[PDB]
Amino acid sequence: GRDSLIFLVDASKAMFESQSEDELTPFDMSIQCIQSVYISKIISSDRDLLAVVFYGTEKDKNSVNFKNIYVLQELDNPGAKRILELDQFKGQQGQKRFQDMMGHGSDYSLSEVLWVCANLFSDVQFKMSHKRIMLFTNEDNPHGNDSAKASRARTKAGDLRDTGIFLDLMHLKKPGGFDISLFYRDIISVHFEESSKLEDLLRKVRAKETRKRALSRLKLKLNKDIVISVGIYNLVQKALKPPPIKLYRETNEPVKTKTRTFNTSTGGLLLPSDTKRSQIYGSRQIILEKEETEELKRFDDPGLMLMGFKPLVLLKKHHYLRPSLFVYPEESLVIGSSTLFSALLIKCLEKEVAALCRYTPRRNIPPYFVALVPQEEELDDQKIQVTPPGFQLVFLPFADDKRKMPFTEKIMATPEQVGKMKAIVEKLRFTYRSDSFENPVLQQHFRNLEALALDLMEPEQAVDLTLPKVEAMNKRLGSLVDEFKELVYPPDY
Amino acid sequence: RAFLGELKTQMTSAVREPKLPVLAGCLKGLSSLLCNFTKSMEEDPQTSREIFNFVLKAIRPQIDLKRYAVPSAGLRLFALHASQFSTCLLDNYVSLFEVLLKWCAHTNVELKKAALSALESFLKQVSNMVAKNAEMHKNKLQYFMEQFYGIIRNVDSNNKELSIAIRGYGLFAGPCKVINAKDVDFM
Amino acid sequence: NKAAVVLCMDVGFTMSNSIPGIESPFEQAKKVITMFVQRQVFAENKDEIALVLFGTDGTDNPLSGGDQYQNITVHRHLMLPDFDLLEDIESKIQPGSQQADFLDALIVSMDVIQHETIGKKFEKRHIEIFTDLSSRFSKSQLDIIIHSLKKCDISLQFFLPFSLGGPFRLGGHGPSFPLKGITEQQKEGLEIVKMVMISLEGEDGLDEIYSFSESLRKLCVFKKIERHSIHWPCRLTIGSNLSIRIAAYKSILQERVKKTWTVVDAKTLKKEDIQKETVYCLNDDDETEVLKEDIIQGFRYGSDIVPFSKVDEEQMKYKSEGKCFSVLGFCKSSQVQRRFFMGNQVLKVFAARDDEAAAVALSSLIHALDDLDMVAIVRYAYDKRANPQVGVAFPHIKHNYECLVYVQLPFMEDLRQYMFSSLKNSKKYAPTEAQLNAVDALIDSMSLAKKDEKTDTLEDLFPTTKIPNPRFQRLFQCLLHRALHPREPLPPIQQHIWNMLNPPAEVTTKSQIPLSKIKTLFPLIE
DNA sequence: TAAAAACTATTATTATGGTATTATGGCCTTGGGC
DNA sequence: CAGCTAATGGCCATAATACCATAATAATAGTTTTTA
């Protein structure tokens with residue numbers, strides 16, 4: 001449920017060495033990779049557990065008590081001085097000191113290493129799912145000498161994949177990024193792409209957050225006589241942080257502050273009995289029970305009702321407000337809405353018609369009128385899903401929505417502009433994407449925490465464009481905005 | 001009196017039902033509380049009274065005898081003169097009395113005995129002011145009297161199992177001092 | 001706002017008409033008018049009311065004579081509202097039946113505006129004559145009163161029991177009554193008011209002809225007197241090329257309470273006893289009290305405690321400045337999805353105008369957007385106090401006036417996605433269509449908006465809009481009830497409530513036998 | 001009579017949210033014959 | 001002075017907070033079974 005993800009560096013010998021190359025030991029590149037995912041799960045803050053281990057080496061860290069290994073850490077959600085604790089390992093001083101202080105390279109034996117790290121899959125005491133491992137190697141030859149080691153590769157390998165446990169080798173630059181194809185299968189283990197490097201890892205997880213989540217499950221009675229139960233889902237919440245946590249000063253420790261009510265006149269206490277929930281205006285104070293309030297919500301019950309069918313195009317935006325998060329109607333428990341819900345969306349979409357509902361949130365609420373667009377089902381060859389089949393949970397518009405908005409005259413433009421304006425926008429347009437879109441200015445703080453995480457000087461201080469780039473603005477389009485400026489006006493801004 | 005209050009509340013607007021763990025406690029140590037009261041009067045009769053009256057169906061059955069364990073000691077330990085109460089509400093109540101009697105008694109369970117207990121007991125308290133009252137116990141005597149009395153002869157033709165004990169005490173409770181105001185001579 | 005409010009009301013005989021279904025017109029009158037009462041308690045602003053009584057049995061007014069002033073009673077005086085003014089509803093109101101004429105209460109209402117607003121500063125004013133139009137109708141002083149209430153800047157309303165053109169709701173879903181139920185006396189009065197309205201604000205007022213029941217269907221009185229959205233100053237930057245002083249505006253956004261359900265005392269209600277317990281503690285091993293609330297500001301994350309302060313926060317925090325709005329770029333609308341329109345707060349954005357030129361060129365870029373299905377990518381930092389934000393913004397087009405609306409661009413994290421096996425795979429679920437088609441025909445019978453008026457305006461039963469949401473309404477019933485009457489159990493839910501709550505039964509009836517084909521053709525499991 | 005497991009059901013678990021609520025949030029409004 | 005300040009009168013967004021409220025799982029107990 002909260003799963004496994006694993007760092008590993010191969011060792012024969014020369015790997016922790018740089019191949020005498022003048023940039024880095026690709027070993028070290030791997031080092032910052034480890035840094036990058038383990039750090040990454042600071043941001044993503046993933047109850048997935050992470051692994052740091054090496055092998056193939058001089059001394060050992062393990063419980064399996066064999067040559068050419070080191071544990072680094074056991075499976076973990078991260079730690080600040082788990083980060084720091086591993087932070088020694090950059091730098092040639094830290095290359096070496098890391099190496100020798102631990103000892104660096106002698107021999108190894110492959111599938112031995114398999115059940116090594118696998119036997120870090122032993123380390124699981126908890127609920128995990130994903131078994132995912134990464135070897136760091138340029139190794140062209142595991143060995144030529146004992147091909148019984150090779151049979152051991154092709155032997156235990158299939159076991160460990162069959163173990164559901166999956167390690168691959170990303171294209172880490174042995175020359176050509178690798179030149180080897182040949183025997184390599186064993187070494188390695190909703191439409192997307194793949195990459196050979198860490199940078200993708202780096203930025204991709206710079207802002208990243210939770211993955212496996214579906215929890216509170218409501219229903220929809222369609223009519224009074226027929227059934228569906230409805231899965232509540234958050235495509236997101238407009239995801240925010242785990243928020244500021246109380247820890248006292250020098251003690252550093254959680255306050256375990258509590259709250260109740262003393263009497264605020266006499267030194268006595270107060271109790272929910274002793275108080276109530278009031279509205280007050282003018283002269284009259286008026287007091288009614290926290291109960292009385294919470295059940296004044298009551299109309300029906302948490303649950304949902306097909307309230308009808310509407311033109312989809314009937315409302316585009318005259319309007320908009322707090323989103324649908326996405327309810328997928330459950331079909332395992334209640335199926336046939338497999339079929340029902342299926343052809344529902346089929347034809348209602350065909351009708352450009354939608355199923356209105358009155359949604360009743362959890363432990364009641366006052367419920368509300370909200371449309372449900374049938375959500376279509378979009379999948380390509382490898383099945384990118386932009387539209388998981390379902391409903392758009394479409395809030396209806398209401399008085400408050402319209403509580404105010406002005407109306408007055410409008411003076412209008414001319415085609416003389418649009419002739420240029422269009423292509424002007426063609427310079428201002430970009431094909432956009434699903435991706436690289438956020439409010440990082442909050443991200444920057446879990447950068448600021450990446451600090452104490454590594455305990456270093458300045459953050460990653462990475463780059464997303466949520467802000468426009470001038471060279472392109474003044475580049476592709478140019479100053480034709482001048483033409484527009486003096487079209488109808490000498491502005492002085 | 002808070003706990004009294006906010007459970008008095010929780011019995012109301014949540015599925016018309018409190019949290020019975022929470023009443024089991026409220027009443028539970030309310031045992032000792034009452035033991036210390038010296039004559040509750042106003043709310044508390046209704047407090048108890050209610051709680052038992054609402055213990056009477058499948059509600060949120062938990063260790064289902066717990067549902068029944070709530071009144072189990074609940075009426076039982078409540079022997080007070082504060083527990084001399086529905087002598088206010090009796091002619092009404094005794095209806096309810098036997099309703100609960102029949103209720104758990106006939107409710108197939110592993111604690112009947114509680115029923116029997118309070119049965120005898122509040123039964124007694126009845127009998128006690130009965131012993132102290134010609135006015136409110138002569139007729140209303142014969143009210144409660146006959147209330148049970150349907151059970152008195154009810155035993156003759158039926159199978160009540162252990163409930164036999166029941167009658168005798170009521171079969172006493174009828175004749176206590178009572179041949180004075182109401183002749184038990186044939187009894 | 002800050003205003004005077006003239007409620008000109010008929011309680012009389014035909015307002016007292018015994019009528020099936022929906023309540024009698026004067027009953028209607030205190031229902032809607034007392035929802036005005038509601039919303040006045042729910043206005044919590046400077047709004048006053050002085051009352052013109054007609055349909056009553058008596059005359060109270062500056063002049064009692066004239067042959068007018070007949071059946072004109074002055075109950076109330078324009079004042080900052082108070083709860084006794086709430087109580088007069090609960091007290092005076094009756095089926096008082098006796099007749100005034102219409103220009104009578106019209107000129108009396110004139111004076112209601114006149115001398116009281118004199119001495120009471122009110123920027124906006126209104127006079128609303130709610131009457132079923134049963135009388136001998138004075139056409140005498142009509143246009144006098146009309147353009148003098150123009151001098152009184154009087155917007156105008158009328159309520160009655162009908163439309164100009166499975167119950168019949170008293171609120172929700174348009175005109176509900178047998179359409180010709182109009183007594184034609186009230187149709188000559190209809191022409192009277194036609195003249196009055198076409199005279200003052202123009203002929204458009206014939207839609208401003210309203211009923212009391214539609215007065216329970218709509219919000220109608222809600223949009224009269226009230227302030228427009230206020231300028232949000234900053235520049236929308238269009239490229240390093242272009243920056244523009246503009247007015248951001250909050251358009252569609254979520255309501256909330258008017259207060260928390262004040263949690264204060266019981267048995268007194270006096271908040272003096274009232275406050276919650278700070279109660280900050282130590283962490284562990286008796287973990288005892290700590291005082292001087294200040295603590296570091298930190299976390300755990302992962303497996304790691306995250307010691308930190310508010311200091312290192314404040315400093316180490318990059319931000320926006322105090323405000324900004326900057327186009328981040330543009331794109332076509334093709335790849336783009338409504339779900340993937342995200343947010344709650346929405347900005348109708350109009351000009352910083354007067355020097356309106358770049359609002360015109362703004363229109364230029366607008367139709368540069370609309371032709372090509374083009375959407376806006378814009379930073380927005382709210383102005384008044386210190387915040388960065390960024391979001392999508394898009395032009396909406398409704399011919400008479402248009403703006404771009406700032407809204408949240410759903411942000412890359414924002415997509416949750418599962419392993420879900422395709423509904424494209426029905427290979428475990430298919431019936432015969434022969435049911436599916438039929439229940440489609442149901443979907444028509446249940447189509448809420450079907451083409452109406454032959455305006456191609458498909459009138460959605462449940463047509464959103466002037467139909468509100470409970471939480472407030474629900475409470476509001478709680479508010480008149482308990483505010484105006486002692487503690488009770490659940491207050492009246494009066495089904496105008498549920499009228500709103502539930503669609504009309506011509507659709508529903510048309511669902512019934514399809515509601516049958518559901519159960520029949522479509523079984524259940526579990 | 002209990003007395004045995006007993007696979008069953010229960011109500012127990014949060015992690016994760018969403019509400020709903022707090023708080024001012026750094027601003028727009030108020031003032032007076034020189 | 002010049003114009004009255006200018007912090008006064010007001011205060012909306014936020015972020016924060018709360019309550020407050022579930023599945024993801026995993027338990028309880030549970031009432032039957034005869035046995036005795």
# chains A, B, ... in the order shown; residues from 1 in each chain; ligands from 1

call {"tool": "interface_residues", "arguments": {"of": "chain E", "to": "chain A", "cutoff": "9 Å", "atoms": "only C-alpha atoms (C1' of nucleotides)", "output": "list in words"}}
result
residues 16, 20, 21, 22, 23 and 24 of chain E

call {"tool": "interface_residues", "arguments": {"of": "chain B", "to": "chain A", "cutoff": "10 Å", "atoms": "only C-alpha atoms", "output": "list in words"}}
result
residues 1, 2, 3, 4, 5, 6, 7, 9, 10, 12, 13 and 14 of chain B

call {"tool": "write_last_selection", "arguments": {"atoms": "C-alpha atoms", "output": "CSV table (one decimal), in the first residue's frame"}}
result
chain,number,residue,atom,x,y,z
B,1,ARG,CA,-25.0,16.7,34.9
B,2,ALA,CA,-23.2,17.6,31.8
B,3,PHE,CA,-22.9,14.0,30.7
B,4,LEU,CA,-26.5,13.7,31.7
B,5,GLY,CA,-27.2,16.6,29.5
B,6,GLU,CA,-25.2,16.0,26.3
B,7,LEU,CA,-26.3,12.4,26.3
B,9,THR,CA,-29.0,15.4,23.6
B,10,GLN,CA,-27.2,12.6,21.8
B,12,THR,CA,-32.2,12.9,20.0
B,13,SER,CA,-31.0,14.0,16.5
B,14,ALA,CA,-28.4,11.4,15.5

call {"tool": "select_by_dssp", "arguments": {"residues": "range 204-276 of chain A", "states": "helix (DSSP H, G or I)", "output": "ChimeraX atom specification"}}
result
/A:204-206,249-251

call {"tool": "residues_around", "arguments": {"residues": "range 120-136 of chain C", "least_positions_apart": "4", "cutoff": "6 Å", "atoms": "only C-alpha atoms (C1' of nucleotides)", "output": "NGL selection string"}}
result
:C and (2-10 or 154-160 or 186 or 189 or 225)

call {"tool": "atom_distance", "arguments": {"atom1": "CA of residue 145 in chain C", "atom2": "CA of residue 109 in chain C"}}
result
9.4 Å

call {"tool": "interface_residues", "arguments": {"of": "chain C", "to": "chain D", "cutoff": "7 Å", "atoms": "only C-alpha atoms (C1' of nucleotides)", "output": "MDAnalysis selection string"}}
result
chainID C and resid 260 384:385

call {"tool": "closest_residue", "arguments": {"among": "C:175, C:164, C:376, C:418", "to": "residue 237 in chain C", "atoms": "only C-alpha atoms"}}
result
C:376

call {"tool": "residues_around", "arguments": {"residues": "residue 8 in chain E", "least_positions_apart": "2", "cutoff": "9 Å", "atoms": "only C-alpha atoms (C1' of nucleotides)", "output": "PyMOL selection string"}}
result
(chain D and resi 29-31) or (chain E and resi 6)

call {"tool": "interface_residues", "arguments": {"of": "chain D", "to": "chain A", "cutoff": "9 Å", "atoms": "only C-alpha atoms (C1' of nucleotides)", "output": "PyMOL selection string"}}
result
chain D and resi 16-19

call {"tool": "residues_around", "arguments": {"residues": "residue 173 in chain C", "least_positions_apart": "5", "cutoff": "8 Å", "atoms": "only C-alpha atoms (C1' of nucleotides)", "output": "list in words"}}
result
residues 217, 461, 462, 463, 500, 503 and 504 of chain C

call {"tool": "write_last_selection", "arguments": {"atoms": "C-alpha atoms", "output": "mmCIF file, in the first residue's frame"}}
result
data_model
loop_
_atom_site.group_PDB
_atom_site.id
_atom_site.type_symbol
_atom_site.label_atom_id
_atom_site.label_comp_id
_atom_site.auth_asym_id
_atom_site.auth_seq_id
_atom_site.Cartn_x
_atom_site.Cartn_y
_atom_site.Cartn_z
ATOM 1 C CA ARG C 217 -39.386 30.856 -8.075
ATOM 2 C CA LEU C 461 -36.283 21.762 -15.490
ATOM 3 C CA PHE C 462 -34.115 22.545 -12.575
ATOM 4 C CA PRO C 463 -32.926 25.610 -14.595
ATOM 5 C CA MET C 500 -37.032 23.710 -5.827
ATOM 6 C CA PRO C 503 -38.039 18.574 -10.764
ATOM 7 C CA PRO C 504 -41.502 18.859 -12.299
#

call {"tool": "interface_residues", "arguments": {"of": "chain B", "to": "chain E", "cutoff": "9 Å", "atoms": "only C-alpha atoms (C1' of nucleotides)", "output": "ChimeraX atom specification"}}
result
/B:62-64

call {"tool": "write_last_selection", "arguments": {"atoms": "N, CA and C atoms", "output": "PDB file, in the first residue's frame"}}
result
ATOM      1  N   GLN B  62     -24.484  -3.839  19.853  1.00  0.00           N
ATOM      2  CA  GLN B  62     -23.068  -4.101  20.031  1.00  0.00           C
ATOM      3  C   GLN B  62     -22.979  -5.106  21.157  1.00  0.00           C
ATOM      4  N   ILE B  63     -22.358  -6.247  20.862  1.00  0.00           N
ATOM      5  CA  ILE B  63     -22.235  -7.370  21.777  1.00  0.00           C
ATOM      6  C   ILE B  63     -23.619  -7.480  22.381  1.00  0.00           C
ATOM      7  N   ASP B  64     -24.580  -7.858  21.549  1.00  0.00           N
ATOM      8  CA  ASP B  64     -25.930  -7.331  21.648  1.00  0.00           C
ATOM      9  C   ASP B  64     -26.437  -7.278  23.085  1.00  0.00           C
TER      10      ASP B  64
END

call {"tool": "atom_distance", "arguments": {"atom1": "CA of residue 406 in chain C", "atom2": "CA of residue 229 in chain C"}}
result
14.4 Å

call {"tool": "closest_atom_pairs", "arguments": {"of": "range 267-322 of chain A", "to": "range 430-443 of chain C", "cutoff": "10 Å", "atoms": "only C-alpha atoms", "output": "JSON lines"}}
result
{"residue": "A:308", "atom": "CA", "partner": "C:443", "partner_atom": "CA", "distance": 7.6}
{"residue": "A:309", "atom": "CA", "partner": "C:443", "partner_atom": "CA", "distance": 6.5}
{"residue": "A:310", "atom": "CA", "partner": "C:443", "partner_atom": "CA", "distance": 9.4}

call {"tool": "atom_distance", "arguments": {"atom1": "CA of residue 303 in chain C", "atom2": "CA of residue 81 in chain A"}}
result
10.3 Å

call {"tool": "interface_residues", "arguments": {"of": "chain D", "to": "chain B", "cutoff": "12 Å", "atoms": "only C-alpha atoms (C1' of nucleotides)", "output": "PyMOL selection string"}}
result
chain D and resi 2+9-12

call {"tool": "write_last_selection", "arguments": {"atoms": "N, CA and C atoms (P, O5', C5', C4', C3', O3' and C1' of nucleotides)", "output": "compact mmCIF listing (two decimals), in the first residue's frame"}}
result
# COMPACT_ATOMS: atom_id res chain seq x y z
P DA D 2 -26.59 -22.52 31.36
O5' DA D 2 -25.59 -22.79 30.14
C5' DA D 2 -24.39 -22.03 30.01
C4' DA D 2 -23.26 -22.68 30.78
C3' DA D 2 -21.91 -22.56 30.14
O3' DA D 2 -20.95 -22.96 31.09
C1' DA D 2 -22.71 -24.73 29.83
P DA D 9 -19.44 -11.89 6.73
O5' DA D 9 -20.06 -10.74 7.65
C5' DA D 9 -21.45 -10.62 7.78
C4' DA D 9 -21.83 -10.04 9.13
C3' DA D 9 -21.04 -8.81 9.54
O3' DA D 9 -21.65 -7.66 9.05
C1' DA D 9 -20.93 -10.35 11.24
P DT D 10 -20.85 -6.27 9.06
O5' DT D 10 -20.80 -5.86 10.59
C5' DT D 10 -21.99 -5.64 11.29
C4' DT D 10 -21.69 -5.55 12.74
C3' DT D 10 -20.87 -4.34 13.08
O3' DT D 10 -21.71 -3.30 13.45
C1' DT D 10 -19.83 -6.26 13.93
P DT D 11 -21.73 -1.97 12.55
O5' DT D 11 -20.59 -1.06 13.20
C5' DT D 11 -20.83 -0.42 14.44
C4' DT D 11 -19.69 -0.66 15.40
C3' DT D 11 -18.41 0.06 15.04
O3' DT D 11 -18.41 1.32 15.67
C1' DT D 11 -17.95 -2.21 15.48
P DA D 12 -17.23 2.38 15.38
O5' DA D 12 -16.10 1.52 14.65
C5' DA D 12 -14.76 1.90 14.76
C4' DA D 12 -14.09 1.24 15.94
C3' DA D 12 -12.59 1.02 15.79
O3' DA D 12 -11.87 1.99 16.51
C1' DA D 12 -13.69 -1.03 15.98

call {"tool": "select_by_dssp", "arguments": {"residues": "range 105-305 of chain A", "states": "strand (DSSP E)", "output": "MDAnalysis selection string"}}
result
chainID A and resid 132:136 166:168 217:221 227:231 245:248 253:254 261:262 269:270 277:280 285:288

call {"tool": "write_last_selection", "arguments": {"atoms": "C-alpha atoms", "output": "tab-separated table (two decimals), in the first residue's frame"}}
result
chain	number	residue	atom	x	y	z
A	132	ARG	CA	10.82	-1.43	-7.97
A	133	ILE	CA	14.59	-1.46	-8.06
A	134	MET	CA	17.32	0.27	-10.03
A	135	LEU	CA	20.83	-0.95	-10.70
A	136	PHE	CA	23.52	1.61	-11.38
A	166	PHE	CA	11.77	-5.30	-10.69
A	167	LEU	CA	15.20	-3.80	-11.37
A	168	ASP	CA	16.29	-2.28	-14.64
A	217	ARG	CA	-17.45	5.95	-1.11
A	218	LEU	CA	-20.93	7.42	-1.55
A	219	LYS	CA	-23.97	6.23	-3.53
A	220	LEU	CA	-26.40	7.45	-6.10
A	221	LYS	CA	-29.90	6.23	-6.09
A	227	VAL	CA	-29.15	1.43	-7.54
A	228	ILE	CA	-25.70	2.74	-8.06
A	229	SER	CA	-22.96	3.36	-5.54
A	230	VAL	CA	-20.66	6.20	-6.46
A	231	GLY	CA	-16.90	6.40	-6.04
A	245	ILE	CA	3.11	21.19	12.57
A	246	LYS	CA	3.46	22.18	16.22
A	247	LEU	CA	6.89	21.57	17.76
A	248	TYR	CA	8.09	23.52	20.77
A	253	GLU	CA	9.32	18.12	19.99
A	254	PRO	CA	5.61	18.09	19.20
A	261	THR	CA	-12.76	25.43	27.26
A	262	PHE	CA	-12.07	26.76	30.69
A	269	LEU	CA	-14.22	25.04	32.77
A	270	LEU	CA	-16.76	25.10	29.96
A	277	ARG	CA	-24.21	27.65	18.50
A	278	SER	CA	-25.58	31.13	18.02
A	279	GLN	CA	-26.49	33.70	15.47
A	280	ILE	CA	-26.72	37.27	16.74
A	285	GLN	CA	-28.88	37.22	20.40
A	286	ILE	CA	-30.25	33.86	19.26
A	287	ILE	CA	-28.86	30.53	20.33
A	288	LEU	CA	-29.46	27.10	18.83

call {"tool": "interface_residues", "arguments": {"of": "chain C", "to": "chain E", "cutoff": "12 Å", "atoms": "only C-alpha atoms (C1' of nucleotides)", "output": "list in words"}}
result
residues 230, 232, 250, 260, 323, 345, 381, 382, 383, 384, 385, 386, 387, 388 and 389 of chain C

call {"tool": "write_last_selection", "arguments": {"atoms": "N, CA and C atoms", "output": "compact mmCIF listing (two decimals), in the first residue's frame"}}
result
# COMPACT_ATOMS: atom_id res chain seq x y z
N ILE C 230 -16.10 45.60 -7.43
CA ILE C 230 -15.20 46.73 -7.25
C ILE C 230 -13.92 46.46 -8.02
N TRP C 232 -10.45 45.65 -9.27
CA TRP C 232 -9.23 45.09 -8.72
C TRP C 232 -8.07 45.67 -9.50
N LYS C 250 -14.47 39.70 -9.29
CA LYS C 250 -14.85 38.38 -8.83
C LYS C 250 -16.24 38.07 -9.33
N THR C 260 -20.08 31.87 12.43
CA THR C 260 -19.58 30.51 12.61
C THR C 260 -20.58 29.59 13.25
N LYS C 323 1.32 42.41 -5.84
CA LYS C 323 0.31 42.06 -6.83
C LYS C 323 1.02 41.84 -8.16
N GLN C 345 -13.08 30.38 -7.20
CA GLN C 345 -13.18 31.81 -7.45
C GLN C 345 -12.90 32.11 -8.91
N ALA C 381 -1.44 37.80 -9.12
CA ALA C 381 -1.17 38.04 -7.71
C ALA C 381 -2.19 39.05 -7.21
N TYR C 382 -3.07 38.59 -6.32
CA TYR C 382 -4.09 39.44 -5.72
C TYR C 382 -3.42 40.62 -5.04
N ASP C 383 -4.11 41.75 -5.03
CA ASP C 383 -3.43 43.03 -4.80
C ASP C 383 -3.35 43.39 -3.32
N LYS C 384 -4.51 43.61 -2.68
CA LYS C 384 -4.58 44.42 -1.46
C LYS C 384 -3.56 43.98 -0.41
N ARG C 385 -3.43 42.68 -0.14
CA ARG C 385 -2.41 42.22 0.80
C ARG C 385 -1.63 41.02 0.26
N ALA C 386 -0.39 41.24 -0.19
CA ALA C 386 0.71 40.26 -0.23
C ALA C 386 0.39 38.81 -0.61
N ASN C 387 0.04 38.49 -1.87
CA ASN C 387 0.03 37.05 -2.22
C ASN C 387 0.43 36.77 -3.67
N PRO C 388 1.27 35.76 -3.92
CA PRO C 388 1.39 35.19 -5.27
C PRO C 388 0.36 34.12 -5.60
N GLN C 389 -0.08 34.12 -6.87
CA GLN C 389 -0.84 33.01 -7.46
C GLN C 389 -0.69 33.04 -8.98
